[PDB]
Student: 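I have a structure I would like to understand better, so I am pasting it below and will then ask my questions one at a time.
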Amino acid sequence: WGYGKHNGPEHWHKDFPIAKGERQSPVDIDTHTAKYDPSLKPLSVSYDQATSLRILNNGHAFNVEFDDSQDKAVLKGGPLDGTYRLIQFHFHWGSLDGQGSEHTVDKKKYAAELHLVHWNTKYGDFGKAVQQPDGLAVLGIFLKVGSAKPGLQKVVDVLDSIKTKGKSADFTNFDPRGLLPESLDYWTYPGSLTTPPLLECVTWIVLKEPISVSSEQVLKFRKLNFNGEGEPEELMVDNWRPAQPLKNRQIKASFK
Ligand SMILES: O=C1NC(=O)[C@@H](c2ccccc2)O1
Ligand SMILES: [Zn+2]
């Protein structure tokens, strides 16, 4: 599976029939239809003890991985019941600044989208959590192109060392707090992984406020390769799934 004409999102359902399921992601967020849910509890993003370990080009994106062997970096509150542990983050981005996000907002595409992936500790490990309807919480953050995000530059600067699929590099001491916007206002809905295996195990929490990154920062994302070393170069761009049918779901807002 990949993002090309012959193996991209329109093909995924043949190997992964849940691609046509009842709670697939991403979705378009219609901001006028989303309803404030006065009942949602405050959201709690607690990343002070986050322990990054490694960055990996997996052929689909690059993942910054964390040590999730203890409650260090956790997401709580909001729509969530219990505690969700950060395991990795990654991005989806475009070939041009006018596309790249997975979620859209009133059909607007952002230049990229950051996914901070967390698993519900009540299920013990990530592989068990993805088999549960409430196994994961993904915090999604839009990227627009404008001012540079200083907290992103350490990620940007290591990408030269993981250009191709299967390459990894040590990436300790990276603070994901530097990737968050000021506001934690969000939309939330029940959905899925946005790549195979497309499992319907995710509570999505999508922040309303984008972060700004510079054109130079995102241009370096676009120099990565989908291919492995020594193979014909295929730039890693447009690694996003388009919006999927909302079906029987409501998107809730944390704000008025
Ligand atoms: O929202 C998602 N972005 C992805 O790449 C996908 C996902 C796949 C596998 C593990 C964790 C997340 O689901
Ligand atoms: Zn993702």
Side-chain angles (χ1 to χ4, degrees), residues 1-35 37 40 58-61 63 75 78-81 84 87-94 99-120 123 126-143 186-208 226 236-254:
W1 71 266
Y3 292 96
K5 298 130 201 272
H6 300 281
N7 68 359
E10 306 313 310
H11 290 274
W12 294 351
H13 71 100
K14 287 174 278 169
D15 274 344
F16 304 95
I18 203 179
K20 297 172 175 291
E22 300 297 307
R23 53 173 285 182
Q24 289 291 292
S25 298
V27 300
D28 180 57
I29 298 166
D30 189 283
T31 66
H32 295 104
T33 298
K35 195 190 178 186
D37 190 346
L40 292 165
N58 64 10
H60 309 296
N63 295 351
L75 184 66
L80 307 173
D81 286 346
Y84 289 71
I87 177 165
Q88 54 111 325
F89 70 77
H90 62 268
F91 302 82
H92 308 260
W93 63 91
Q99 65 199 53
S101 67
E102 302 211 291
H103 294 88
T104 56
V105 179
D106 297 332
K107 297 297 181 78
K108 174 191 177 69
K109 300 179 162 74
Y110 286 89
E113 184 173 330
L114 164 63
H115 288 161
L116 294 127
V117 181
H118 313 73
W119 55 272
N120 192 332
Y123 303 121
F126 177 86
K128 283 291 201 55
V130 298
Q131 305 179 58
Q132 317 304 322
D134 60 351
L136 298 189
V138 182
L139 181 62
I141 301 178
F142 296 116
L143 280 63
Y186 65 85
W187 298 284
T188 183
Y189 73 97
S192 73
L193 305 180
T194 63
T195 69
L198 299 168
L199 294 170
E200 291 181 335
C201 61
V202 180
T203 300
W204 276 96
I205 297 167
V206 177
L207 296 191
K208 173 176 181 175
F226 285 128
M236 185 182 281
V237 298
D238 292 317
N239 58 349
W240 51 277
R241 189 190 196 194
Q244 300 301 306
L246 187 62
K247 296 192 165 164
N248 190 28
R249 294 177 290 178
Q250 283 183 332
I251 299 178
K252 300 175 188 186
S254 75

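One-based numbering along the sequence shown.
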Student: Should we count CG of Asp81 as having more than 12 external heavy atoms under 6.0 Å?
Tutor: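 At most 12 heavy atoms, drawn from other residues, nucleotides or ligands, come within 6.0 Å of this atom.
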Student: Check the angle between the aromatic planes of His115 and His103 and answer parallel, tilted or perpendicular using the 30° and 60° thresholds.
Tutor: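 Aromatic pair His115/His103 classed perpendicular.
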Student: What I'd like to find out is whether the side chain of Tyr189 reaches to under 4.5 Å of the side chain of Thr203, using heavy atoms alone.
Tutor: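 Answer no - side chains too far apart.
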Student: To the nearest 0.5 angstrom, please state how far the CD1 atom of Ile87 sits from the CG atom of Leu116.
Tutor: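 These two atoms lie 12.5 Å from each other.
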Student: Are a donor atom and an acceptor atom from the side chains of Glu102 and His92 found within less than 3.5 Å of each other?
Tutor: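 Yes, because at least one side-chain N or O of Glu102 sits under 3.5 Å from a partner of the opposite role on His92.
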Student: Please determine whether a side-chain nitrogen of the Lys or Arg among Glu22 and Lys247 lies less than 4.0 Å from a carboxylate oxygen of the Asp or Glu.
Tutor: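 Yes, this pair counts.
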Student: Quick one: CG on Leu114 to CG on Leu143, what's the gap to the nearest 0.5 Å?
Tutor: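 If I round to the nearest 0.5 Å, the distance is 6.5 Å.
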Student: Should we say atom CG of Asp106 is surrounded by more than 12 heavy atoms from elsewhere, each under 6.0 Å from it?
Tutor: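 Counting other residues, nucleotides and ligands, CG of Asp106 exceeds 12 neighbours.
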Student: For the residue pair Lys108 and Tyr110, would you count it as a cation-pi contact if the rule is NZ or CZ under 6.0 angstrom from the ring centre and within 45 degrees of the ring axis?
Tutor: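 Satisfied, under 6.0 Å and within 45°.
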Student: For a quick check under 3.5 Å, do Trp204 and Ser25 share a side-chain donor-acceptor pair by atom type?
Tutor: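 Per modelled atom types, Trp204 and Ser25 side chains form a pair under 3.5 Å.
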Student: Please check this pair: side chain of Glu200 against backbone of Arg23, looking for a donor-acceptor N/O pair closer than 3.5 Å.
Tutor: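 A pair under 3.5 Å: yes.
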Student: Indicate whether the side chain of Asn120 and that of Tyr84 have a donor and an acceptor atom separated by less than 3.5 Å.
Tutor: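 Short answer, yes.
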Student: Would you say the side-chain atoms of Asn63 pair up with the backbone N or O of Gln88, donor to acceptor, closer than 3.5 Å?
Tutor: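 No; judged by distance alone, with no hydrogens or angles, the pair does not exist.
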Student: Yes or no on side chain to side chain contact (heavy atoms under 4.5 Å, CB included) for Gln99 and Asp238, after CA distance, side-chain angles and deciding distance?
Tutor: CA-CA 8 Å; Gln99 65 199 53; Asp238 292 317; 2.8 Å; yes
